[PDB]
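In what follows, residues are counted from 1 in the order of the sequence shown.
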Amino acid sequence: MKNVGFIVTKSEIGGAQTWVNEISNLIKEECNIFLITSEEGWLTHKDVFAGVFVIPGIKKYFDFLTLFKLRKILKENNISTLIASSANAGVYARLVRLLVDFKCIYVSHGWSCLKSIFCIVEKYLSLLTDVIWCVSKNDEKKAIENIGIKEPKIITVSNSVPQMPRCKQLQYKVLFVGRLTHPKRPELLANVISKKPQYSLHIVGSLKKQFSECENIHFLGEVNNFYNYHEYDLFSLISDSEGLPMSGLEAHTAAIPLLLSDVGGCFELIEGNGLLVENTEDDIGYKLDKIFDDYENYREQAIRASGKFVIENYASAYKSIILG
């Protein structure tokens, strides 16, 4: 059986790590999967991995001995495909192509680069990459236009997730799912909803009691396997910076309307099934009332679109990139 490796910087839940976990579950019957990371944490306790390699040197943007340890790992474990996520991981995964033959796949994950300096690096690192995997049309546009990666390098196939449970009378229940630290901005959303007692906010994700006396603001804290989108009426993610957020994809497959910041690839989740916002208290309050005053129309479109980002529709394309 084929040996595939995922290399990441952090092992904490969320973002790329959740993606790695989800993709590993998808291909797990067709290959052996190895994890390479800088630290131990949530991801490294996952049983899907045939083996886990913790190299703390990965936390450094570059380091020769870390590079050589990666080479040793690929060769000794006969790993013929390496899928890299995050900048640091990407640095080692592509430099090590100079030293080892394997299929090197670097995944965009929103190009958190944020500046024309990281852009330069990524452009030249693409020369060492067998596949630049863009997980959103907006990541593809950034790669081609802002970074300078050539299109022959790029395979663009959207992120997607397993279908969340779907549901109910309108209860004006808003749901926020994600880390509470910047660029994420739940404080902005909670503030808006706090002044509207008929609405409510549940936040899933340091931590806050600014709203300790707002009766309609509820912090559930971190919930690792959150799948209860179907209990809520509206998913809202307010943030200064996003790629194509997994939580947004999840809400989408759960057929609930969305209220998202107009950043990164959030617009790719919205057709008639929600609204894009400026991170203004005014703009968020206005578009919130707009959806809730006209709710069944946004709900009908959420329902209509809810098959769009379901991972079964993308599986063969994913498997083709990774196993082909």
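In this structure, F309 and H252 have perpendicular ring planes: the angle between them is above 60°, well past the 30° mark. Ring geometry for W133 against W19 counts as perpendicular: the plane angle is over 60°, on a 0 to 90° scale with 30° as the lower cut.
The pair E278-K287 does not meet the salt-bridge criterion, since no charged nitrogen lies less than 4.0 angstrom from a carboxylate oxygen.
With sequence neighbours excluded, the residues satisfying side chain to side chain donor-acceptor pair (under 3.5 Å) with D101 are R97. Applying the side chain to side chain donor-acceptor pair (under 3.5 Å) criterion to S126, with sequence neighbours excluded, gives no partner residue. Listed by chain and number, the residues in a side chain to side chain contact (heavy atoms under 4.5 Å, CB included) with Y295 are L170, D233, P257, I291, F292, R299 (sequence neighbours excluded). In this structure, the side chain to side chain contact (heavy atoms under 4.5 Å, CB included) partners of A315, at least two apart in sequence or on a different chain, are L26. Applying the side chain to side chain contact (heavy atoms under 4.5 Å, CB included) test to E231 and every residue at least two apart in sequence or in another chain returns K173, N228.
The closest side-chain heavy-atom distance from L234 to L175 is not below 4.5 Å. Contact of the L288 side chain with the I193 side chain is registered, since non-hydrogen atoms from C-beta on lie closer than 4.5 Å.
There is a side-chain donor-acceptor pair under 3.5 Å between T37 and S11.
When the options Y227, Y232, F226 are evaluated for a ring pair (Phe, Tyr, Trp, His ring centres under 6.0 Å) with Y229, the one that passes is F226.
In this structure, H202 has its ring center at least 6.0 angstrom away from the ring center of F176.
Listed here is the closest heavy atom pair of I73 and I36: CG2-CD1, 4.0 Å.
For residues 197-207, there are no salt bridge (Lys or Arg N to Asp or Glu O under 4.0 Å) pairs, not counting sequence neighbours.
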**Asked** Going through the distances and angles, do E140 and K142 end up as a salt bridge (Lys or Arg N to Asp or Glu O under 4.0 Å)?
**Response** CA-CA 5 Å; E140 178 186 56; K142 289 189 178 197; over 6 Å; no

